[PDB]
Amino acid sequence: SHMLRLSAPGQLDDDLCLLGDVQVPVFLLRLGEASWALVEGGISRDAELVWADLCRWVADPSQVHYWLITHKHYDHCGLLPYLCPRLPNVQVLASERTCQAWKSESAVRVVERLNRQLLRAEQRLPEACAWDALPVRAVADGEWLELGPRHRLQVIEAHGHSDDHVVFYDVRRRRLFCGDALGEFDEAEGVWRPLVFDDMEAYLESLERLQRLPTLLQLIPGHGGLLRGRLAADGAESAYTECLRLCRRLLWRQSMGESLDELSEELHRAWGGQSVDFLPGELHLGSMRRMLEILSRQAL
């Protein structure tokens, strides 16, 4: 494995564990002797796995006080209706737009449909809270979340991947939970693959701002584990570069008269393997096409 990427379940740092699968992780923060937080909301089918793992570390689940959520995509909030009823004291901390999504019928539909496609035959989901009944507190750009005596995290708006996306920055630890704002980390090659699914200008602007943070030591995206060393320090910059690279490739191909499909198909070939276990059906190819449409409009 690579020393700069921690990619195994369990303890990551003195205060930090990875619950569930490294591909769609839930992070556990130990806030004090009787207090914990979760970060990232996973996929619904992982409810019993994540619960099992949580209970190995947390003897009394009424001590889980906060659950921080980066964005509204199905793979970042799918666990909430299934595990919140088991976490009686939890407060879900999410952006205003992310909270709005959970009050939208159309929105909830897509999330439930995409999550149901990842169930296996033999599983029953736990009994769920209604999405509009989740124990939420909306949080604002720039807000400091005083989670515990040695855990103070700043909310930072990071739109572009989605129109609601935020990141959470722990400056004590130079630790950034960046969701999908940097893209998908390529485990084979050590580079970012852009995930521009809403707005390219916003995505790049977000990265520009994140580059201005004090140097990072730990960078924790939505998928793939914890990145450290140079990967953390250079991540926002590298992510920006890889986005420009993709834009340039797209223009090269379109200038030869190719349809957006030729590159979508190539990108689905080159990149779709890593996420096959949590992107159902045709979603990766369609996501590629979406992203290329966005880039094409905002830069052809």
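Numbers follow the displayed sequence, beginning with 1.
Visitor: Out of 45-53 and 268-276, which one has CA B-factors that are higher on average in the deposited record?
Guide: Result: 268-276.
Visitor: With reference to the PDB entry, specify whether the mean Cα temperature factor is higher for 80-88 or for 222-230.
Guide: That would be 80-88.
Visitor: In this PDB entry, which of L216, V196, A158, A140 has the top CA B-factor?
Guide: That would be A140.
Visitor: Take the CA temperature factors straight from the PDB entry and tell me which of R120, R175, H71, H151 peaks.
Guide: Of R120, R175, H71, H151, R120 has the highest C-alpha B-factor.
Visitor: Against its chain's modelled residues, does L263's Cα B factor rank lowest, middle or highest third?
Guide: Tercile = highest for this residue's CA B-factor.
Visitor: Quick check on the deposited entry: does the C-alpha B-factor of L18 sit in the lowest, middle or highest third of its chain?
Guide: For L18, whose C-alpha B-factor we compare with every modelled residue in the chain, the answer is the lowest third.
Visitor: Going by the entry, which third of its chain does the Cα temperature factor of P25 land in?
Guide: For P25, the deposited C-alpha B-factor lands in the lowest third.
Visitor: By its CA B factor, does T98 count among the lowest, middle or highest third of the modelled residues in the chain?
Guide: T98: CA B-factor falls in the middle third of its chain.
Visitor: Rank-wise, by C-alpha B-factor, drop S106 into the lowest, middle or highest third of its chain.
Guide: As the PDB entry reports it, the C-alpha B-factor of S106 lands in the highest third of its chain.
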